[PDB]
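As structure tokens, the structure follows; a few thoughts come after it.
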Amino acid sequence: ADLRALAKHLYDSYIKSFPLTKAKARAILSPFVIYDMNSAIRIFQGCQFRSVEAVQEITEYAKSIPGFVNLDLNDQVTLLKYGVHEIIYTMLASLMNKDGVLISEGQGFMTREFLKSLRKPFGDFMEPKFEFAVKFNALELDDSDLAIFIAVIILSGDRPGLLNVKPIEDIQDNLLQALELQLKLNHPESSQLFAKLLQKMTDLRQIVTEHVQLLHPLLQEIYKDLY
Amino acid sequence: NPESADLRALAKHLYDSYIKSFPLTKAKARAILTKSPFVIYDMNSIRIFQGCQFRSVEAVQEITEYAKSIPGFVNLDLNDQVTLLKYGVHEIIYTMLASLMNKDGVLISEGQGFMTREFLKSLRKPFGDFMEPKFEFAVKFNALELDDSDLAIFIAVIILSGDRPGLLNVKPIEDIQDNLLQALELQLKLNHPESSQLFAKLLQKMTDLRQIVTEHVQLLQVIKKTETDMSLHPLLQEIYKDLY
Ligand SMILES: O=C(O)[C@H](Cc1ccccc1)Oc1ccc(-c2cccc3ccccc23)cc1
Numbered sequence: 209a210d211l212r213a214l215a216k217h218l219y220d221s222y223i224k225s226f227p228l229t230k231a232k233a234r235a236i237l245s246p247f248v249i250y251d252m253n254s278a279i280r281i282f283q284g285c286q287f288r289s290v291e292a293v294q295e296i297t298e299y300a301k302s303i304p305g306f307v308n309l310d311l312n313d314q315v316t317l318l319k320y321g322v323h324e325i326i327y328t329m330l331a332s333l334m335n336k337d338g339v340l341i342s343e344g345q346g347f348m349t350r351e352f353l354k355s356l357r358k359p360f361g362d363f364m365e366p367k368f369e370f371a372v373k374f375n376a377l378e379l380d381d382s383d384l385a386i387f388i389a390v391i392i393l394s395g396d397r398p399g400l401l402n403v404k405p406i407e408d409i410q411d412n413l414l415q416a417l418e419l420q421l422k423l424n425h426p427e428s429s430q431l432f433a434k435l436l437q438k439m440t441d442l443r444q445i446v447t448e449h450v451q452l453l466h467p468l469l470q471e472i473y474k475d476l477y
Numbered sequence: 205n206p207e208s209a210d211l212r213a214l215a216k217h218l219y220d221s222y223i224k225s226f227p228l229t230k231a232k233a234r235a236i237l238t244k245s246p247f248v249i250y251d252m253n254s279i280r281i282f283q284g285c286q287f288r289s290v291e292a293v294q295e296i297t298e299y300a301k302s303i304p305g306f307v308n309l310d311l312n313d314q315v316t317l318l319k320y321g322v323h324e325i326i327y328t329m330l331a332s333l334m335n336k337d338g339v340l341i342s343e344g345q346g347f348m349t350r351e352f353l354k355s356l357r358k359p360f361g362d363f364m365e366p367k368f369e370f371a372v373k374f375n376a377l378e379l380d381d382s383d384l385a386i387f388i389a390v391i392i393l394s395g396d397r398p399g400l401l402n403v404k405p406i407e408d409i410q411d412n413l414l415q416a417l418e419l420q421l422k423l424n425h426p427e428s429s430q431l432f433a434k435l436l437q438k439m440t441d442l443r444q445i446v447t448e449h450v451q452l453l454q455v456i457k458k459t460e461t462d463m464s465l466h467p468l469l470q471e472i473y474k475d476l477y
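From first to last, the protein sequence lines are chains B and A.
Those letters in the first sequence? Residues 209 to 237, 245 to 254, 278 to 453, 466 to 477, by the deposited numbering.
Those letters in the second sequence? Residues 205 to 238, 244 to 254, 279 to 477, by the deposited numbering.
Have a look at this one:
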């Protein structure tokens, strides 16, 4: 059918857009372990720099989603604006376990306790994403499921200020069918995977809103607006 | 298929419990909105907020009665019963509230009145924005064209969520929600054969549900201290105490 072609195309584009896949993360999870100060504001700013990296990679991945480049430009702008943060957290889950997260494209690993011990502002920076990551990682998704999931996420017709919702929901419809079939084929004995996955978007958005809540002139200019 | 039959029996039980638990259903509300209400559209007729607290508390009682009928719920560990009710009852209040709203206003007083959206937008201090997020949700949610038989399973699903903060025995809850989600899927396929992937879109609406409740929590924090003379009910106070 159409849905396996769509799923293979999306998987191939995910492999090509994202250097460090979930499979490689699971493989690792040897990295340099950062467990304390001997191994503040530098960690937070580094996370924002990695985030701008990732925004660029995600936008490139979005352009490969069939139909997306054809949409009205304002609607592509606002879909990426509100989608990239939820996708960043979805992809960050791939790099985490209960004890820490892999950083630096897989060569480092920083511990959850070292992150939890930072001074007042930065001590809760990461803790909601660890709490979420444990739940999301319990779904035991792999890369081919995530490739379709994040596309679904990008094609969300509820973002405020959308000009033309109809083609976007049409595409998300195709994607949703493709995802449902992908999860039936890959996870036979995972009874209601589709529904549980869609439920996870509620925690995704709650993370995003809480993180928005918590939040050199040329550098200031590069790393403003898209977080 | 033999399993679809079991899901049908579950759906029928849930629907029957819904009808028994909520005196004013979506069907009656729609019938009244299209036997006719008195309309309130300006002052000529703080008080409204206390009315909303009285109705909220009554809704909490009705939803607790419904919850007791969801198969398995009363057999759960009493602490998880308290946690699920604490985290689910407001999502359910806004869900059922959408049934009573259209673009222009909302039914009040057991259906005998209708208060206009603009009037509710014109209220003083930080009260003008009380109903707006609800009207904005209601317009999108009513667009799904759900009926009582769909809603009855949906709100059960909303109660039995295994990601609620602080649950002890997640396993029985995810088993119940798995069952309820199969039941809802079947019901929506049979009852709305032509609406494509309605199940996915309904499940996606839970996101806006949670955004409504967390924004209402903030607004509540801003409301209670401006007017130290205002009063909050212990039931709602205890539901909001911990939270997020
Ligand atoms: O959240 C809920 O339980 C309901 C939901 C709901 C929405 C619409 C119609 C019916 C019910 O909203 C409420 C919002 C406000 C107050 C309230 C009343 C009196 C004094 C207050 C002082 C500080 C804060 C809140 C106060 C009660 C319920």
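C-beta: ideal position from N, C-alpha, C; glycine also.
Pull up the CB-CB distance for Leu353/B and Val390/B, whole angstroms please, since I reckon it's below 8 Å.
-> As a first step, residue 353/B must be located in the first sequence, where it is residue number 115. As a first step, residue 390/B must be located in the first sequence, where it is residue number 152. About 30 Å separates the two Cβ atoms, so there is no contact after all.
When you compare each of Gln410/B, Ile472/B, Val450/B, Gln470/B to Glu324/B by their alpha carbons, which one comes out closest?
-> Position 86 of the first sequence, counted from the start, is the residue given in the question as residue 324/B. Measuring from the Cα of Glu324/B, the nearest candidate turns out to be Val450/B.
With distances taken Cα to Cα, identify the nearest neighbour of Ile445/B among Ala371/B, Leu421/B, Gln420/B.
-> Looking up residue 445/B in the first sequence gives position 207. That would be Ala371/B, whose Cα lies nearest to the Cα of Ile445/B.
Which two residues bound the contiguous alpha helix (DSSP H) that contains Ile445/B?
-> Within the first sequence, the letter at position 207 stands for residue 445/B. That run of the alpha helix (DSSP H) goes 431-452.
Could one say the Cβ of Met439/B lies closer than 8 Å to chain A's Cβ atoms, at least one of them?
-> As a first step, residue 439/B must be located in the first sequence, where it is residue number 201. True, the Cβ-Cβ gap to chain A drops below 8 Å.
Helix, strand or coil for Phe247/B, going by three-state DSSP, please let me know.
-> Stepping through the first sequence from its first residue, residue 247/B is reached at position 32. Note: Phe247/B maps to strand in three-state DSSP.
Counting only beta-carbon atoms, is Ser208/A nearer than 8 Å to chain B?
-> Here residue 208/A corresponds to residue number 4 of the second sequence, with the count starting at 1. False, the Cβ-Cβ gap to chain B never drops below 8 Å.
Quick one: which unbroken alpha helix (DSSP H) runs of 4-plus residues sit fully inside the stretch 368-392 of chain B? Chain order, please.
-> 381-392
Pull up the CB-CB distance for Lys232/B and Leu384/B, whole angstroms please, since I reckon it's below 8 Å.
-> On the first sequence, residue 232/B is found 24 positions in, with the first residue counted as 1. On the first sequence, residue 384/B is found 146 positions in, with the first residue counted as 1. No, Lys232/B and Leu384/B are not in contact; Cβ-Cβ is about 13 Å, not under 8 Å.
Cβ shell of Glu295/B (< 7 Å), same chain only, five flanking positions each side left out = Counting from one through the first sequence, the residue named residue 295/B turns up at place 57. Answer for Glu295/B: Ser225, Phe226, listed in chain order.
Would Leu218/A be called buried (16 or more neighbouring beta carbons within 10 Å of its own) or exposed?
-> Indexing the second sequence from 1 puts residue 218/A at position 14. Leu218/A should be labelled buried.
Give every residue of the same chain whose Cβ lies closer than 7 Å to the Cβ of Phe368/A, excluding the five residues on either side of it in the sequence, and list them in chain order.
-> The count along the second sequence starts at 1 and reaches residue 368/A at position 135. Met334, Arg350, listed in sequence order.
Starting from the C-beta of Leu435/B, find all residues in its chain whose C-beta is less than 7 Å away, skip the five residues before and the five after it, and write them out in chain order.
-> In the first sequence, the residue the question calls residue 435/B occupies position 197. The answer, listed in chain order, is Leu377, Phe387.
Pull up the CB-CB distance for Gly338/B and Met329/B, whole angstroms please, since I reckon it's below 8 Å.
-> For the purposes of this step, residue 338/B is taken as residue 100 along the first sequence, with counting starting at 1. For the purposes of this step, residue 329/B is taken as residue 91 along the first sequence, with counting starting at 1. About 16 Å; that fails the 8 Å criterion.
Considering only residues of the same chain and omitting the five flanking positions on each side of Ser382/B, which have a CB-CB separation below 6 Å?
-> Your numbering for residue 382/B matches position 144 in the first sequence. Contacts found: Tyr219.
Could you tell me which chain A residues have their CB closer than 8 Å to the CB of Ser429/B, listed as they occur along the chain?
-> Walking along the first sequence from the start, residue 429/B turns up at place 191. Per Cβ cutoff of 8 Å: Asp411, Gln415.
From the DSSP output, which residues share a beta bridge with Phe347/A?
-> On the second sequence, position 114 is the one that residue 347/A refers to. Answer is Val248/A, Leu340/A.
Find the residues of chain B that neighbour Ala433/A, judging by a C-beta separation of less than 7 Å, and give them in chain order.
-> What you label residue 433/A is simply residue 200 of the second sequence in a count that begins at 1. The answer, in chain order, is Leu414, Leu436.
Give every residue of the same chain whose Cβ lies closer than 8 Å to the Cβ of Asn375/A, excluding the five residues on either side of it in the sequence, and list them in chain order.
-> Along the second sequence, one-based indexing puts residue 375/A at 142. So the list reads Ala331, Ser332, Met334, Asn335, once near-sequence residues are dropped.
Shorter than 8 Å from the beta carbon of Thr447/A to some beta carbon of chain B?
-> On the second sequence, residue 447/A is found 214 positions in, with the first residue counted as 1. For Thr447/A, the answer is yes, since a Cβ of chain B falls inside 8 Å of its Cβ.
Assign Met364/B to one of three DSSP states: helix, strand, or coil.
-> As a position in the first sequence, residue 364/B is number 126, starting the count at 1. DSSP places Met364/B in coil when its eight states are reduced to three.
Please report how far the alpha carbon of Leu317/B lies from the alpha carbon of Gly399/B, in whole angstroms.
-> Your numbering for residue 317/B matches position 79 in the first sequence. Your numbering for residue 399/B matches position 161 in the first sequence. Straight-line Cα distance between these residues: approximately 10 Å.
For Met364/A, count neighbouring C-beta atoms within 10 Å of its own C-beta (all shown protein chains included) and say buried if the count is 16 or more, exposed if not.
-> Position 131 of the second sequence, counted from the start, is the residue given in the question as residue 364/A. Buried: at least 16 other Cβ atoms inside 10 Å.
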